Amino acid sequence: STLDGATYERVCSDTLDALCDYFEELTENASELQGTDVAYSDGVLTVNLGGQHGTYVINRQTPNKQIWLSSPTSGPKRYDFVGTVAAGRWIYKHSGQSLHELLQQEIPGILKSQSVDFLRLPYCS
């Protein structure tokens, strides 16, 4: 393939909607961590983890049929989808790790209060 426009929109929506839900799950449980907030609109997911840890941005970029990521520690990446509507993952041309594996690497050390597993979410097969 590539995912055509309609399929990309469905897969991207499912991927990002679930990530938003999970980041809300993690940050609403971490009640002791102040200055955190999750915002989500227009295909842009914002995870502000405070003044020390910075802000993640994960967003749909429709013209490119990609998901873009900016991490306060590892910087920017553009992800393409590989797979089908049934199962797939988001991959970046200069890393072996999927989007969700990157978050699994970087987030647990920040949210030490939580048991973190991004690999249970849709579209990281």
Side-chain angles (χ1 to χ4, degrees):
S1 68
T2 315
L3 287 192
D4 68 10
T7 307
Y8 161 79
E9 294 294 342
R10 188 202 306 193
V11 174
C12 188
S13 173
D14 274 318
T15 300
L16 292 177
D17 287 355
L19 278 166
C20 176
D21 292 337
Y22 191 52
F23 268 113
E24 284 168 345
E25 199 184 298
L26 292 172
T27 56
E28 277 88 83
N29 273 327
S31 54
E32 76 289 341
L33 296 181
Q34 299 169 313
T36 64
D37 191 64
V38 177
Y40 186 40
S41 72
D42 303 328
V44 180
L45 172 60
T46 292
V47 183
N48 190 322
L49 298 170
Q52 283 64 59
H53 297 111
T55 295
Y56 282 78
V57 178
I58 309 174
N59 64 287
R60 178 182 77 232
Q61 193 59 270
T62 287
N64 310 63
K65 290 195 290 196
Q66 292 176 322
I67 289 175
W68 288 13
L69 160 72
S70 66
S71 158
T73 51
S74 57
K77 291 179 171 58
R78 299 186 288 273
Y79 289 94
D80 301 303
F81 182 75
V82 62
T84 67
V85 173
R89 64 174 49 183
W90 293 89
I91 58 167
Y92 164 62
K93 66 211 80 92
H94 296 309
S95 174
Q97 284 62 70
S98 72
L99 169 59
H100 295 69
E101 280 180 300
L102 177 148
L103 297 174
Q104 186 61 31
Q105 183 224 310
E106 299 187 358
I107 294 302
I110 298 169
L111 307 181
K112 287 181 191 320
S113 77
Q114 304 293 305
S115 178
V116 179
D117 190 357
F118 282 89
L119 298 177
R120 292 181 43 262
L121 296 175
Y123 293 118
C124 65
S125 292

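Below, all heavy atoms of this structure are taken into account, side chains as well, without hydrogens, waters or symmetry copies. By convention here, the first residue in the shown sequence is residue 1.
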S.K.: Roughly how far, to the nearest 0.5 Å, is CG of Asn29 from CG of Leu111?
M.R.: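 Interatomic distance, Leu111 CG to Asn29 CG, rounded to 0.5 Å: 10.0 Å.
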S.K.: Rounded to the nearest 0.5 Å, what's the gap from CG on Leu102 to OG on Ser71? Could you check?
M.R.: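 Going from CG on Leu102 over to OG on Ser71, the span is 6.0 Å.
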S.K.: Tell me whether the count of non-hydrogen atoms from other residues, nucleotides or ligands lying under 6.0 Å of CD in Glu32 goes above 12.
M.R.: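 More than 12 heavy atoms, drawn from other residues, nucleotides or ligands, come within 6.0 Å of this atom.
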S.K.: Same cluster for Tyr8 and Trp68 if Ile/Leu/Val/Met/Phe/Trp/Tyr side chains link at under 4.5 Å?
M.R.: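 No, no single cluster joins them.
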S.K.: Could you state the interatomic distance from CG (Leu33) to CD1 (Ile110), rounded to the nearest 0.5 Å?
M.R.: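 These two atoms lie 9.5 Å from each other.
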S.K.: Out of curiosity, does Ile91 fall in the hydrophobic cluster containing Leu103 (side-chain heavy atoms, cut-off under 4.5 Å, transitive links)?
M.R.: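 Shared cluster, no.
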S.K.: Just verifying a value: how many Å separate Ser95 OG and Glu101 CD, rounded to the nearest 0.5 Å?
M.R.: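 Those atoms lie 8.0 Å apart.
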S.K.: For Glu28, I'd like to know if atom CD has over 12 heavy atoms of other residues, nucleotides or ligands within 6.0 Å.
M.R.: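 Counting other residues, nucleotides and ligands, CD of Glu28 exceeds 12 neighbours.
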S.K.: Do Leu99 and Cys124 come close enough that some side-chain heavy atom pair is under 4.5 Å?
M.R.: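 No, side chains not in contact.
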S.K.: To the nearest 0.5 Å, what is the distance between NE2 on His100 and CG on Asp117?
M.R.: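 Those atoms lie 10.5 Å apart.
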S.K.: Applying side chain to side chain contact (heavy atoms under 4.5 Å, CB included), run through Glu9 and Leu3 and close with a yes or a no.
M.R.: CA-CA 9 Å; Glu9 294 294 342; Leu3 287 192; over 6 Å; no
S.K.: In chain order, what residues pass the side-chain hydrogen bond (donor to acceptor under 3.5 Å, both in side chains) check against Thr36, with sequence neighbours excluded?
M.R.: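 With neighbours one apart ignored, the set is empty.
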S.K.: Among pairs that include at least one residue of residues 75-97, which meet ring-ring contact (aromatic ring centres under 6.0 Å, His included), considering only residues two or more places apart or in two chains?
M.R.: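 Residue pairs passing ring-ring contact (aromatic ring centres under 6.0 Å, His included), neighbours aside: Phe81-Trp90, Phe81-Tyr123, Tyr92-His94.
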S.K.: Under the 3.5 angstrom rule, does the side chain of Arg89 hit a backbone N or O of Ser125 as a donor-acceptor pair?
M.R.: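 Looks like yes, one N/O pair under 3.5 Å.
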S.K.: If every non-hydrogen atom of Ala18 is compared with every non-hydrogen atom of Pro122, which pair is closest and at what distance?
M.R.: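 Closest approach of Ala18 to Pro122: CB-CD, 3.4 Å.
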S.K.: Rounded at 0.5 Å granularity, tell me how far CZ in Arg60 sits from CD1 in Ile67.
M.R.: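 Reported value, rounded in 0.5 Å steps: 10.0 Å.
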S.K.: Is a donor on one side and an acceptor on the other found under 3.5 Å between the side chain of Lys112 and the backbone of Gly109?
M.R.: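 Checked: pair present.
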S.K.: Write down the atom of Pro72, the atom of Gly54, and the distance for their closest heavy-atom approach.
M.R.: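 Scanning both residues, the minimum pair turns out to be CB-CA, 4.0 Å.
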S.K.: Could you see if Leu119 belongs to whatever hydrophobic cluster contains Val47? Use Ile, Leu, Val, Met, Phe, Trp, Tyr and a side-chain cutoff under 4.5 Å.
M.R.: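 Not linked; separate clusters.
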S.K.: Would you check, one step at a time, whether the test side chain to side chain donor-acceptor pair (under 3.5 Å) holds for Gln114 with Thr27?
M.R.: CA-CA 9 Å; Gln114 304 293 305; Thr27 56; over 6 Å; no
S.K.: Could you give all pairs that pass the ring-ring contact (aromatic ring centres under 6.0 Å, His included) test and reach residues 14-62, with sequence neighbours left out?
M.R.: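 Non-adjacent pairs meeting ring-ring contact (aromatic ring centres under 6.0 Å, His included): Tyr22-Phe118, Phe23-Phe118.
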S.K.: Establish whether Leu45 and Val116 are linked, either directly or via other cluster members, by ILVMFWY side-chain heavy-atom contacts under 4.5 Å.
M.R.: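 Yes, it is one cluster - the side chains of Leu45 and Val116 are joined through contacts under 4.5 Å.
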S.K.: Applying a strict under-4.5 Å side-chain criterion to I, L, V, M, F, W and Y, I'd like to know whether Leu19 and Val57 cluster together.
M.R.: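 In one cluster with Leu19: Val57, no.
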